[PDB]
């Protein structure tokens, strides 16, 4: 298996989520471990804020809600900062803001030979008003839904960065700021495990 250790270092509760994996309530300092069969080709992890769940595991989250479930089986309602992973000849991974921001996030391969990208900045403090929602900051693609921001159709093969994407890129240069951002994928030989941290420390 490939193991992901997902730790909440924020001073607020984060309901972690994974496709695959499900979800887990993480109070400050708690960890969730997710094992992927090493034949698995992909993973998508995120955190959810402002959740309430009943004993049956139904409820709702202010950001990142997955079908009103504690244990996710669908993708999260935008906005939510993403940690993404795929495996082929090696591992490819990234922190992504393409579907918005809610919580700062880092992904750290246990193999120190490989880069550990992070989005550490409080993007919620700087979010333009048209992208702002309670608890997070949407991407221009999710708000406006047009092809220049979403990099579709006439823009699929030639999608320039925009004023909106560059606000995200300023805050978090290592993260995907839009669908075709060319300076946000990192790679590592397969065999490493990973840590994902909400509210990573900064120097």
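Residue numbers count along the first chain shown, from 1.
Taking the mean C-alpha B-factor of each stretch as recorded, 30-38 and 133-141 are not equal, and the higher mean is that of 30-38.
Note on 51-59 vs 146-154: mean CA B-factor is higher in 51-59. If you compare the C-alpha temperature factors of 74, 80, 83, 116 in the entry, 74 comes out highest. Highest CA B-factor among 103, 127, 98, 95, as stated in the entry: 127. The deposited CA B-factor of residue 18 belongs to the lowest third of values across its chain. Sort the modelled residues of the chain by CA B factor and residue 89 lands in the middle third. Placement of the Cα temperature factor of residue 64 within the chain: lowest third of the modelled residues, per the deposited record. Compared with the other modelled residues of the chain, the Cα B-factor recorded for residue 70 ranks in the middle third. Looking at the C-alpha B-factors along this chain, the one for residue 161 belongs to the middle third.
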